Amino acid sequence: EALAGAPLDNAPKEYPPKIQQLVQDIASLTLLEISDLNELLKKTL
Amino acid sequence: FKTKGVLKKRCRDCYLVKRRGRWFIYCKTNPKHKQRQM
Amino acid sequence: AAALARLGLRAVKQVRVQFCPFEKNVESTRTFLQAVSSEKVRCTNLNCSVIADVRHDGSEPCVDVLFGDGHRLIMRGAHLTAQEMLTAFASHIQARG
Amino acid sequence: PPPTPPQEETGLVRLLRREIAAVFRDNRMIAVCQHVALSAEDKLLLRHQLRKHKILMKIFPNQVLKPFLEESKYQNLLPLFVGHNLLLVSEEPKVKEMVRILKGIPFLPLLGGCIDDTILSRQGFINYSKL
Amino acid sequence: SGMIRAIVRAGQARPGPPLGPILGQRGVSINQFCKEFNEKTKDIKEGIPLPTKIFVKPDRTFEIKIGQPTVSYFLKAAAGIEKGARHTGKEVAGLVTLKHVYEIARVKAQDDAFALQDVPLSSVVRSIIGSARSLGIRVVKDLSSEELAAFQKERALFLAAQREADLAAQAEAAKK
Amino acid sequence: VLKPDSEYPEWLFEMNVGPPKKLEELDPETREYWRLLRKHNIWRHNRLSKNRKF
Amino acid sequence: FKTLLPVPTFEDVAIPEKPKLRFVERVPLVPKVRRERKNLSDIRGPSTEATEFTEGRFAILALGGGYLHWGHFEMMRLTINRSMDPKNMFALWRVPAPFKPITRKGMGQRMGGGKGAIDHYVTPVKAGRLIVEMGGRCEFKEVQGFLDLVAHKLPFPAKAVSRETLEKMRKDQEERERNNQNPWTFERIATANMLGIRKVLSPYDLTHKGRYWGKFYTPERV
Amino acid sequence: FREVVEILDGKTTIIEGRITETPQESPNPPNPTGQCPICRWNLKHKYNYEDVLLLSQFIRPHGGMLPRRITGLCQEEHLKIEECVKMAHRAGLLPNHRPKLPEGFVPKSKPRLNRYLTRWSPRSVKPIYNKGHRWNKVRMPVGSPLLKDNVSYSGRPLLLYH
RNA sequence: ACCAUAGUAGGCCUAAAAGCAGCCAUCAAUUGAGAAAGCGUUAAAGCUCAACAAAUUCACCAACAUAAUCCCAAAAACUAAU
Ligand SMILES: [Mg+2]
Ligand SMILES: [Mg+2]
Ligand SMILES: [Mg+2]
Ligand SMILES: [Mg+2]
Ligand SMILES: [Zn+2]
Ligand SMILES: [Zn+2]
Numbered sequence: 010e011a012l013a014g015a016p017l018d019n020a021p022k023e024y025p026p027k028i029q030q031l032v033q034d035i036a037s038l039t040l041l042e043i044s045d046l047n048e049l050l051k052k053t054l
Numbered sequence: 063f064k065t066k067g068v069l070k071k072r073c074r075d076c077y078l079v080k081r082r083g084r085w086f087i088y089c090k091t092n093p094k095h096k097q098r099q100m
Numbered sequence: 002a003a004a005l006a007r008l009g010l011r012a013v014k015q016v017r018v019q020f021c022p023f024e025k026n027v028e029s030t031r032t033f034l035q036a037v038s039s040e041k042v043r044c045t046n047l048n049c050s051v052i053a054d055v056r057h058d059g060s061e062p063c064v065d066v067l068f069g070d071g072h073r074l075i076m077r078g079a080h081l082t083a084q085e086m087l088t089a090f091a092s093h094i095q096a097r098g
Numbered sequence: 067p068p069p070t071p072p073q074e075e076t077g078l079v080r081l082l083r084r085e086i087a088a089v090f091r092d093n094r095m096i097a098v099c100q101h102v103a104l105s106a107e108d109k110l111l112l113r114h115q116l117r118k119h120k121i122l123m124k125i126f127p128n129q130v131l132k133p134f135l136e137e138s139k140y141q142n143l144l145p146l147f148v149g150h151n152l153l154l155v156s157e158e159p160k161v162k163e164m165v166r167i168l169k170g171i172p173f174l175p176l177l178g179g180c181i182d183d184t185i186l187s188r189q190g191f192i193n194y195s196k197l
Numbered sequence: 017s018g019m020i021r022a023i024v025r026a027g028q029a030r031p032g033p034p035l036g037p038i039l040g041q042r043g044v045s046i047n048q049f050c051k052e053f054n055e056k057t058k059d060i061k062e063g064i065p066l067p068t069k070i071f072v073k074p075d076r077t078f079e080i081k082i083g084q085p086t087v088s089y090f091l092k093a094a095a096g097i098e099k100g101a102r103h104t105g106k107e108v109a110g111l112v113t114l115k116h117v118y119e120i121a122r123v124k125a126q127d128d129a130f131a132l133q134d135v136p137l138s139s140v141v142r143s144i145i146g147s148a149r150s151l152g153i154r155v156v157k158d159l160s161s162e163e164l165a166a167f168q169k170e171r172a173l174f175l176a177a178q179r180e181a182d183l184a185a186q187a188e189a190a191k192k
Numbered sequence: 085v086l087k088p089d090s091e092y093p094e095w096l097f098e099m100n101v102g103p104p105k106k107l108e109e110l111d112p113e114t115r116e117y118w119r120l121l122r123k124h125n126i127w128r129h130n131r132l133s134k135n136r137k138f
Numbered sequence: 030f031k032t033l034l035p036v037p038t039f040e041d042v043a044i045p046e047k048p049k050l051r052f053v054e055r056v057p058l059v060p061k062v063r064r065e066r067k068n069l070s071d072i073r074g075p076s077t078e079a080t081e082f083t084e085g086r087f088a089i090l091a092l093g094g095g096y097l098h099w100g101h102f103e104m105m106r107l108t109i110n111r112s113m114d115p116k117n118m119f120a121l122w123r124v125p126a127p128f129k130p131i132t133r134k135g136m137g138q139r140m141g142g143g144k145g146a147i148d149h150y151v152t153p154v155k156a157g158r159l160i161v162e163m164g165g166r167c168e169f170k171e172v173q174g175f176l177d178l179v180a181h182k183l184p185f186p187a188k189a190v191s192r193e194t195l196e197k198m199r200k201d202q203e204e205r206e207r208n209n210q211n212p213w214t215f216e217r218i219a220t221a222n223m224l225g226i227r228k229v230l231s232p233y234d235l236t237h238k239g240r241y242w243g244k245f246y247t248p249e250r251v
Numbered sequence: 035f036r037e038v039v040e041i042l043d044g045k046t047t048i049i050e051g052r053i054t055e056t057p058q059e060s061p062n063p064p065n066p067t068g069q070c071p072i073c074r075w076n077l078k079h080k081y082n083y084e085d086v087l088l089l090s091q092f093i094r095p096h097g098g099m100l101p102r103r104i105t106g107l108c109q110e111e112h113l114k115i116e117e118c119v120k121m122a123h124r125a126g127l128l129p130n131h132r133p134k135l136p137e138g139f140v141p142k143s144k145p146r147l148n149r150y151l152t153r154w155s156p157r158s159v160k161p162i163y164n165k166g167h168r169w170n171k172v173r174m175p176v177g178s179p180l181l182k183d184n185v186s187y188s189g190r191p192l193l194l195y196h
């Protein structure tokens, strides 16, 4: 394995793909699952 | 100057230089350390 | 450091070294910065301001020296030797000051 | 020339290796700064102003630091360790006070470092402190 | 102008030697320095000689930073002996335990010397034990019940040694 | 104030008092050994440089 | 950063009482009443006695022959006593007190008339014989440093050697005389009477092997 | 090759480093197994003061010598080439490797006396007035003794003192 | 090149002995510094060495004037030399 590229803000345009895939996971779920997630996060965090 | 056959440094600021075909111990801080190889 | 200390650096106002530490030609400018940021230099005169600008995408190490003769010594040191930069800076500031 | 007469590892170098391994294993914030040749009194004052926040500063020779770093996962830190170096070790990082105490000195520059396996530059450190 | 290290008794402050010439060359008025020394050391009635740092400015003005008193006097007070041994290692100067050394470490942890360093009390106790090593005072791990017997025997041994030393000194003075 | 033995932690009793630690007694993997070796090297340099003519 | 190296510690060295050099007399307590001939064989040739270390570790090795009289003895004694540490070093003589009388004749006397009058005494020293042998818990650099002056002030050429230095030089000489390239050597020619060279040579050259010429010894001549 | 350029524009000094193209080593050396340049190119005991194309490769444009840590020669050959470069400079070869002085080239001096294989400096040797007799003769040294190991096709030794 | 902070004026005699007229111990802090290997003070102070951090060409000794009428063959570093 290796480390990251450690970019700067001069040309900051690349975001990690894990954030985008998490957003897609949230977007691909029905309202009941979103409510269940909200309940679990409120209980734990 | 002092003309000598064997030259040595009497202080850490002396420097040895070859000039005019001879060796010279030159000192700036203490000018009495000026030695010339005969 | 001794060469700068013996030269009487009271006649300088601002010295800034702008560089990117993550490049391959930064050893010389880092050595120059460490030489000018020594204690003998600092106690020679306290009216000077020394600044170390750190960038990431600048990629162009440089040094700017503004001193009270209204003079601006700019030095784009990307391949110069640290000793060469030190001696050039000393010989310019002592000649003009 | 004849083949290589390989050098033998000694207690001091093994101790340095295990020490650096402990450094990169235990603590979280590993900042890389340029060691400025400063006075003893001011250096000790900076040590006190760092220990008030419980952050330590350490120095390791490059001859033993470069090979370990290029073998480890922090090989991106190689350009930072060319000249004089200072490793700032902090458990439970709090970059705000570190930046506050660093701004008090103008010619002591923060080169970079890692905040829980996050290699960042000086601007990244400032952003993390402001966050 | 510079810095001067001066070891001065807590209850004593005189405008004389060795404090005389060292301040006279600097030009600082000795009467003032004695006044502030009395004002700052009148709160301690233990009467322990202490080292202090005098920072003389170029304008003939001076600053005082008071410090923890001397380790030698601390060990002498803890052990009960007026002067240290002449030949350290060949003779025993006194006897203390870890309790006195620990107390000295705690009272010295607040000095200007060990305040900047942030090592634990173990380094301070190591330093005090080394200072006692140079002093000649012997330290034991656990002799609380025997320390009274140790005191009653070492006092006799030390007085006998002092009498022998006085006789030898008198003989040397007569011969010289 | 005479404090009882239970108040004093272990780092008072574990430390040596009488004999200084020597070169062959210490662990070659311990920092104290290298400190003492540096001290002995300084002693060597002082002994060798006793003939300074400057 | 530099690598630490271990110190050779000297624990098996015991400094004896009176480590300083003993005073030597210009004339022995019993003076030689009979004048003797000045034999030069006590200088010519290599030394047979006092060629190895006894209890010390450093020595003054003589590369030539000569005479050591009271002036040289006092010079060496005073120099060693003043420049030697009495707590960590000790010194010893390897040459006896001056015992060979030397006869001198006053100015204005024509030749003949008999032997002169005994003026002073000397100790004959051959090449390869130790003069002062020292030991203790010290290194070789300092003893060499303050023994080179004594060696230089000595009449014959001399050096401040040690056990290791003496062994190194002897092995170097052996290696040189074993890997010598030219087939012709002084030993071979002298022993074989090549070219009838024994007419020019001396009977002692068969033992000297061309390395010793008079009182001078050249270690580079195989 | 690097160059330091200074620009003066209204009380402002700009010092910049410029990197130019540099010639590289030839592709096929006779002895690739040698680490050292001359004695991997098979020129050991072959060069002399006459050989200018080899002496001129590593010298400063002002006639100065180049550091061994940069060149790479073994120490004996570094010393030999230092002596050879001194000999050539004193003999009058390498005409373009002199500093350019517009002021001193107008006041001409005495014509440069032709010389070759000169060992010492021209301004440091005193003339020999006694010259010695047959048995004790003070010779004029010619050439450097470091060049005594060069190949001798004739077989006769090089007379270094005459 | 590179820098030098800490117990501490380590303990005795001496008007003073603060690394240094002298004697005994020669511990111990910071990753990194000897109760101090050389200068200096009446005593200090102060200037250098070795210790870390920065690099790492090689680095032990070896050089020494002279006479008298006028210096004394001239010359020559490579065409093949048992
Ligand atoms: Mg001689
Ligand atoms: Mg330590
Ligand atoms: Mg140093
Ligand atoms: Mg004369
Ligand atoms: Zn000098
Ligand atoms: Zn080579």
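From first to last, the protein sequence lines are chains CL, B9, Bp, BJ, BK, Bq, BQ and Bx. The opening position of the first sequence corresponds to residue 10 in PDB author numbering, with each subsequent residue numbered one higher. The opening position of the second sequence corresponds to residue 63 in PDB author numbering, with each subsequent residue numbered one higher. The opening position of the third sequence corresponds to residue 2 in PDB author numbering, with each subsequent residue numbered one higher. The opening position of the fourth sequence corresponds to residue 67 in PDB author numbering, with each subsequent residue numbered one higher. The opening position of the fifth sequence corresponds to residue 17 in PDB author numbering, with each subsequent residue numbered one higher. The opening position of the sixth sequence corresponds to residue 85 in PDB author numbering, with each subsequent residue numbered one higher. The opening position of the seventh sequence corresponds to residue 30 in PDB author numbering, with each subsequent residue numbered one higher. The opening position of the eighth sequence corresponds to residue 35 in PDB author numbering, with each subsequent residue numbered one higher. All C-beta atoms in this analysis are idealised placements derived from N, C-alpha and C, irrespective of residue type, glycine included.
Helix, strand or coil for residue i, going by three-state DSSP, please let me know.
{"i": "residue 53 (chain Bx)", "result": "strand"}
{"i": "residue 138 (chain BK)", "result": "helix"}
{"i": "residue 51 (chain Bp)", "result": "strand"}
{"i": "residue 155 (chain Bx)", "result": "coil"}
{"i": "residue 124 (chain Bx)", "result": "helix"}
{"i": "residue 153 (chain BQ)", "result": "strand"}
Under the assumption that residue i contacts residue j (Cβ atoms under 8 Å), give the Cβ distance between them as a whole number of angstroms.
{"i": "residue 93 (chain Bp)", "j": "residue 46 (chain Bx)", "result": "Between residue 46 (chain Bx) and residue 93 (chain Bp) the Cβ distance is about 11 Å, and since that is not below 8 Å, they are no contact."}
{"i": "residue 253 (chain BQ)", "j": "residue 115 (chain BQ)", "result": "As shown, chain BQ starts at 30 and ends at 251. That puts residue 253 (chain BQ) outside it, with no answer to give."}
{"i": "residue 181 (chain Bx)", "j": "residue 114 (chain Bx)", "result": "6 Å"}
{"i": "residue 33 (chain BQ)", "j": "residue 122 (chain Bq)", "result": "7 Å"}
Thinking C-beta only, is residue j closer than 8 Å to residue i?
{"i": "residue 63 (chain BK)", "j": "residue 26 (chain BK)", "result": "yes"}
{"i": "residue 251 (chain BQ)", "j": "residue 209 (chain BQ)", "result": "yes"}
{"i": "residue 155 (chain BJ)", "j": "residue 38 (chain Bp)", "result": "no"}
{"i": "residue 22 (chain Bp)", "j": "residue 55 (chain Bp)", "result": "yes"}
{"i": "residue 57 (chain BQ)", "j": "residue 102 (chain BQ)", "result": "no"}
{"i": "residue 38 (chain Bx)", "j": "residue 81 (chain Bp)", "result": "yes"}
{"i": "residue 91 (chain BK)", "j": "residue 148 (chain BK)", "result": "yes"}
{"i": "residue 67 (chain Bp)", "j": "residue 14 (chain Bp)", "result": "yes"}
{"i": "residue 98 (chain BJ)", "j": "residue 151 (chain BJ)", "result": "yes"}
- Task: Can you list the residues near ligand 5, meaning Cβ strictly closer than 7 Å to any non-hydrogen atom, in the order they appear in the chain?
- Result: 71 (chain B9), 72 (chain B9), 73 (chain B9), 75 (chain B9), 76 (chain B9), 89 (chain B9), 91 (chain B9), 92 (chain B9), 95 (chain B9)
- Please name the residues in the region 80–110 of chain Bx whose beta-carbon is closer than 9 Å to at least one beta-carbon of chain Bp, in chain order. none
- Task: Can you give me, in chain order, the residues of the region 5–28 of chain Bp that have a beta carbon less than 9 Å from any beta carbon in chain BJ?
- Result: 16, 18, 20, 21, 22, 23, 24, 25, 27, 28
- In the region 64–95 of chain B9, which residues sit with their C-beta less than 7 Å from some C-beta in chain Bx, listed in chain order? Here the close residues are 82, 83.
- Query: Using Cβ-Cβ distances below 9 Å, what residues of the region 166–183 of chain BQ are close to chain Bq?
  - Reply: 167, 168, 170, 171, 174, 175
- Message: Any C-beta of chain Bp within less than 9 Å: which residues of the region 147–164 of chain Bx qualify?
- Response: none
- Query: Closer than 8 Å, Cβ to any Cβ of chain BJ: which residues of the region 134–149 of chain BK, in chain order?
  - Reply: 134
- Query: What residues from the region 41–67 of chain Bp come within 7 Å of chain BJ, judged by C-beta to C-beta, listed N to C?
  - Reply: 50, 51, 52, 53, 55, 57
- Using a beta-carbon distance cut-off of less than 7 Å, what residues from the region 10–24 of chain CL approach chain Bp? Residues of the region 10–24 of chain CL with a C-beta less than 7 Å from any C-beta of chain Bp: 17, 19, 20, listed in chain order.
- Message: Under 8 Å, CB to CB, which of the residues in the region 149–177 of chain BJ have a partner in chain Bp?
- Response: 149, 150, 172, 173, 174, 175, 176, 177
- Task: Output the residues surrounding ligand 6, defined as those with a CB atom closer than 5 Å to any ligand heavy atom, in chain order.
- Result: That gives 70 (chain Bx), 73 (chain Bx), 108 (chain Bx).
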